[PDB]
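By convention in this document, chain letters (A, B, ...) are assigned in the order of the sequence lines, proteins followed by strands, and residues within each chain are numbered from 1. Below, each value reflects all heavy atoms present in this structure, side chains not excepted, and no hydrogens, waters or symmetry copies.
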Amino acid sequence: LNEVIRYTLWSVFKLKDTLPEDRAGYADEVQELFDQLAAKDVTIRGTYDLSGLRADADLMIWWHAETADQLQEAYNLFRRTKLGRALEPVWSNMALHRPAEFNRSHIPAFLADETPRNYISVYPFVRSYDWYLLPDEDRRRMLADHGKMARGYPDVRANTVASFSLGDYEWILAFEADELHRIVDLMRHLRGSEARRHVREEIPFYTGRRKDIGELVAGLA
Amino acid sequence: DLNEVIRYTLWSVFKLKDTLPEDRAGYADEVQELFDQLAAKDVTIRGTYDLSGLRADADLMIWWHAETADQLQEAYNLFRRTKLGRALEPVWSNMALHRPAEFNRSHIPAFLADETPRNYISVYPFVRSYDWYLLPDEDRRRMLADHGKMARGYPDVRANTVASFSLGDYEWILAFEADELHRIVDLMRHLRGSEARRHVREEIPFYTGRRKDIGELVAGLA
Amino acid sequence: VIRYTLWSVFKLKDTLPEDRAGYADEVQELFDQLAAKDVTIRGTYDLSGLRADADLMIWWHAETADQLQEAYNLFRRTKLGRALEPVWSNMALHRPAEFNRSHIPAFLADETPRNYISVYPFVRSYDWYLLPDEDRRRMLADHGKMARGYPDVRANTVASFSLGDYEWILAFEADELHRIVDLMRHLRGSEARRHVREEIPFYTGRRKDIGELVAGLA
Amino acid sequence: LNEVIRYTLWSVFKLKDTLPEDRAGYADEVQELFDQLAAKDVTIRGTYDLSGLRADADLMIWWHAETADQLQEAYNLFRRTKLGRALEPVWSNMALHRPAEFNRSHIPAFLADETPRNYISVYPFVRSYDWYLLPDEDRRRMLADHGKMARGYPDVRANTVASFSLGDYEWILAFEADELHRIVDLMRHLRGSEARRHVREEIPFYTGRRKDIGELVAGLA
Amino acid sequence: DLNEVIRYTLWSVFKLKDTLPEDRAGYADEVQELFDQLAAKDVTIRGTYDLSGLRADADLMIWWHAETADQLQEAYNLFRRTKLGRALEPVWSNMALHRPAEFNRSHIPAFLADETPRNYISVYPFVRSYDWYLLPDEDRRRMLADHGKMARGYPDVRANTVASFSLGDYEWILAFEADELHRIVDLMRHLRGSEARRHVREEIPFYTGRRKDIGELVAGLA
């Protein structure tokens, strides 16, 4: 299973303005595309309401597929929908699942049968310049201690997917949880790991409520 | 006790797209109607704030809080449909939620304690050093205690430091309330003398302004 | 005691009209009504060409932040204001100096405005205010005496903690522009340059009557 | 071959909204211009689909000529096509092959005229302030040691081209391979090189699929 | 003695809002007329440069200098009123002023010594390290001398490094002219070997282009 090929693309959009007072068929059209996409092996793990938690983000789409190419096609197809034409691209990064350095049983929840949860917290990651230059023992230790420190939070599901030379980052992280504050306390608790001493960048956070494209479109302004 | 409530707090900053119209008759009223309706659910609107002139790309800040984030999201998009909302671009909207303090569980944000909101506010995000939370518990304790001790001469300035890890780009959203603006000024200058200042990576943007009823605010905006 | 001071920077949306008959008078009218209310318009400055995203600055002060907020919105309603984009607007408030209390901003001591200005924000190092008082006393005394040879450059350094993103806002006015330049360069030799995190953006420009300023702008 | 004066320019664009549904002339009119520029010595090594992998890029052009002025003319002409009047410029940096400091048979894989592969990732590069002040031995060793580390990845072609004072950066980098995941593993593997301690900037990344102009015009939204 | 002259130099960079019309009418000529009128008032226009393609956000540069800042501001606003001006938006406009070099009073920017503009320019701002001006004089004097020596193989590249403290965000504006673009590239990479490289905080954006008469500039542009 450390041998699948799967590309994950999280892509974030913001309303150009408000959606129209009459938005009949906006939701349905997008759902239509989401199904014929699901025909091909392009799965839409979730769409997400990001309104109000960020001023420049309103909608997120999590899709994954077997080639980067299929995602690119999906992205452009969405932008042709009547909804995508009322949105502006904001941030859209792709990552690719690779075997973990040490613990080869570490697997992202979207490749481990796990259910999508109510809330998501997505964000890129970039380590210090000498993270990967460290004596393997030091990095395996900090990476293991850091996983211990989170064993109290199995109600928060992790996706931690390599992204080197797919964009500006080293990793794209996604956290799934039914209770939003459990994500908060996880981050807060993990500020205690020694790994925190080897971080260059973890911005921007996009955090939202997983929703059906029907009520998502109705919720948006 | 209050350290066991779940209260999400949201600060939403807007700027005029350009100017309100000359006749702005329905604008404040329609917004007050929405605020009244949000108050029927437990969506409380602690205040609206005039930020114009104190920052070139901010004119209006709504402070609201509620039991789920979803109600804030709902309230937010509902605001953006009002006539006032359609004259405004979003600029900065960040959510936080009270978590128990680490050492002193009697530290409670003012909005949680149902304190009275004051005439002026300064809201700003906050990010600690990378090694702040890794420092041995004794050293973080006496820097957190010493800094609150330095604030004793300013009881008129009411803190609202709230956790925000993974709600957005920051660790903490801070909101200070006082009836005289220069006292916020004087508190920060004085707190520059606390040793915790050596454990700061980020603390901008600042959104400072005057608390106003929605009718007066909509009248005085360009 | 208690004077708030505001520097408001705008840039053209495009150009002004060819026929700009009303524009300067309308603004001068409002400046006159504000001076009645004790909202002082200390100057308007032409910033064009010296920065691509800035064309005019207004320096106004008053007894409360609120009067300035009100003045700022009134100005954005004029014809000239409606032809502008807000770029950078930051307030400060004088507080008595930490060490030498004769040291006060020029515009409180009522000195005349000079021909040119350069306005910029300031943020000191994280540990500047944690230093022993005698160290900060020495560095402030020394940086100030290095400036003895530039008595033609008037300072206005004004605390701005919690009003916006900065700790101080700085305004230098001199009759010859190059004198500001040489002052800056010479002070790069003060030890206090070791305790700086941020000192941009600079807005530098020519003091002009509002009439002359409207006509010269693109 | 370290004597050839060759300027190479990568030009990134993004859609202003979307192309029209009726895009008949679009892909053809561009392909004409490419034919003319190749009649001069303006080689167009590839067009690339960048969409979805970045929210603010959709199309990259990799061109190169004997003179920088030729590329400037090519650029303004392309911006005159119907496809070009449909794009905002996003990022366009030029570089120029100079001999290597130590190993003069390291030469960009594009003036050793090779084959453009399916996938490219392009990004700028700026070294630490003191990298060039290091004793020649130390910089020699690190560049050599980092070259060894990429032996396992010979299906990935390196172009790394000096850029000093043609723009903000010190080099432009382009990596091309037929299997996208191989660029990913190469970057990750190379984070173990000592030269990682002498890096100040390496972004934005532009990664995408080489495509023929007609196929690319049809794919974009 | 050129050290006692006062000469303000301004580089003004613009990008196209979209693309120029097909019918470029007297676009080139209206601008050339204004340059001539400015030339009459001792507003020298050393060069106009094609930036396009080498930077996605710049197509045109104007290098003009004069005896007062004010004259350059007027030139600038007048240029913006031309038909070409109305088809551009400003990107980056910085002014500088020659002041006597710290140690070697013979170092003089090329334009002030009335040398000939070459085919290619690269312009960029510069900001030194915080302690740069605080190093003991002989450390800084040695480092600048050595950096001079390292440039001796490049006399075909002319330097115009000029003080800009307080005129904008920087310490110096630098402008290098050469007849062959690759000589600039090579000088830069060669000077990375100077010790002064350890005392650098900022040196972007770079605007690098080809010197062109207004007419063919306006014609080659998109």
Side-chain angles (χ1 to χ4, degrees), chain B residues 189 192-193 197, chain C residues 5 7 90 92-109 111 114 116-161 166-174 176-204, chain E residues 99-100 102 127-137 139-140 163-172 199 201-202:
Chain B
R189 184 150 138 69
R192 285 303 202 265
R197 292 306 298 171
Chain C
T5 172
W7 292 266
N90 275 86
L93 163 82
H94 170 234
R95 328 298 298 128
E98 170 174 19
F99 290 106
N100 154 27
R101 313 205 109 91
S102 306
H103 186 256
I104 89 170
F107 81 104
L108 287 175
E111 328 286 13
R114 312 291 213 242
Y116 302 99
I117 204 169
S118 55
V119 177
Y120 55 113
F122 216 73
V123 181
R124 287 266 181 208
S125 56
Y126 280 124
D127 68 343
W128 169 251
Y129 308 97
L130 287 160
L131 295 182
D133 291 29
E134 286 294 305
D135 299 338
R136 193 161 59 258
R137 180 188 274 280
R138 190 195 48 246
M139 282 186 287
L140 286 175
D142 288 1
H143 120 263
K145 43 172 76 157
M146 298 198 49
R148 58 205 185 263
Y150 306 80
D152 45 317
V153 190
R154 277 296 103 236
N156 302 264
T157 68
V158 197
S160 65
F161 304 95
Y166 313 108
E167 310 183 332
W168 308 87
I169 296 180
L170 274 54
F172 296 91
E173 35 201 354
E176 323 180 79
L177 188 48
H178 72 271
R179 295 293 289 161
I180 312 182
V181 177
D182 298 327
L183 176 58
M184 275 330 114
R185 182 189 184 191
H186 183 246
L187 258 53
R188 297 281 135 121
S190 62
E191 300 302 333
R193 296 298 310 180
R194 290 232 163 66
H195 298 281
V196 184
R197 286 150 62 213
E198 191 182 8
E199 69 205 312
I200 62 170
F202 277 77
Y203 299 101
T204 305
Chain E
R99 327 290 314 116
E102 173 175 9
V127 177
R128 289 272 186 204
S129 75
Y130 283 118
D131 64 343
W132 168 252
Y133 306 90
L134 291 167
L135 316 170
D137 282 11
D139 290 347
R140 187 167 54 271
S164 59
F165 314 84
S166 248
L167 300 187
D169 295 349
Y170 318 99
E171 307 190 339
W172 312 86
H199 294 273
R201 287 153 53 215
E202 184 188 16

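Under the salt bridge (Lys or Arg N to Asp or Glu O under 4.0 Å) criterion, C:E176 pairs with no residue, sequence neighbours left out. Residues that satisfy the side chain to side chain donor-acceptor pair (under 3.5 Å) test with C:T5, not counting sequence neighbours, are C:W59. Judged as a salt bridge (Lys or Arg N to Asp or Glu O under 4.0 Å), and not counting sequence neighbours, C:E111 has no contacts. The side chain to side chain donor-acceptor pair (under 3.5 Å) test applied to C:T204 returns no partner, not counting sequence neighbours. Here C:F161 pairs with C:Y129, C:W168 under the ring pair (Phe, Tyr, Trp, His ring centres under 6.0 Å) rule; sequence neighbours left out. Residues passing the salt bridge (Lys or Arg N to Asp or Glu O under 4.0 Å) test with C:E198, sequence neighbours excluded: none. Shown here are the side chain to side chain donor-acceptor pair (under 3.5 Å) partners of C:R124, two or more places apart in sequence or in another chain: there are none. In terms of the side chain to side chain donor-acceptor pair (under 3.5 Å) criterion, C:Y203 has no residue partners (sequence neighbours excluded). For B:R189, there are no salt bridge (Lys or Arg N to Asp or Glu O under 4.0 Å) partners at least two apart in sequence or on another chain. Applying the ring pair (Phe, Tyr, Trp, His ring centres under 6.0 Å) rule to C:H195 yields the partners C:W128; only residues at least two apart in sequence or on another chain are considered.
One distance of note links OG1 of C:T157 with CD1 of C:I104; it measures 11.0 Å at 0.5 Å rounding. Rounded to the nearest 0.5 Å, atoms OH (C:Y116) and NE2 (C:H178) are 10.0 Å apart. Atoms CZ and CG, from C:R137 and C:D135 in turn, are 11.5 Å apart once rounded to the nearest 0.5 Å. Considering OG of C:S160 and CG of C:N90, their distance stands at 7.0 Å, rounded to 0.5 Å. Atom OG in C:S118 sits 7.0 Å away from atom CZ in C:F172 (nearest 0.5 Å).
Pairs passing the salt bridge (charged side-chain N to carboxylate O under 4.0 Å, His left out) check and including a residue from residues 163-172 of chain E, sequence neighbours excluded, read C:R51-E:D169, C:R188-E:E171.
In this structure the side chain of C:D133 reaches within 4.5 angstrom of the side chain of C:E98, judged on heavy atoms. Side-chain contact between C:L170 and C:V158 is absent, with no heavy-atom pair separated by less than 4.5 Å. Here the side chains of C:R194 and E:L134 are in contact, with some heavy-atom distance below 4.5 Å.
Although no hydrogens or angles enter the test, the distance criterion places no donor-acceptor pair under 3.5 Å between the side chain of C:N156 and the main chain of C:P105. Using modelled atom types, one side-chain atom of C:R136 and one backbone atom of C:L131 make a donor-acceptor pair closer than 3.5 Å.
Considering all non-hydrogen atoms of both residues, C:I200 and C:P121 come closest at O-CG, 3.2 Å. Of all the heavy atoms in C:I180 and C:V153, the pair that sits closest is N-CG2, 4.2 Å. Listed here is the closest heavy atom pair of E:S166 and C:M184: OG-CG, 3.0 Å.
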For residues 142-152 of chain C, which side-chain donor-acceptor pairs fall under 3.5 Å, sequence neighbours excluded?
{"unit_1": "C:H143", "atom_1": "ND1", "unit_2": "C:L140", "atom_2": "O", "d": "3.4"}
{"unit_1": "C:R148", "atom_1": "NH1", "unit_2": "C:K145", "atom_2": "O", "d": "3.0"}
{"unit_1": "C:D152", "atom_1": "OD1", "unit_2": "C:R179", "atom_2": "NH2", "d": "3.1"}
{"unit_1": "C:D152", "atom_1": "OD2", "unit_2": "C:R179", "atom_2": "NE", "d": "2.6"}

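Under the 6.0 Å distance and 45° angle rule, C:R197 counts as a cation-pi partner of C:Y126.
A salt bridge between E:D131 and C:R193 is absent, with no side-chain N of the basic residue lying under 4.0 Å from a carboxylate O of the acidic one.
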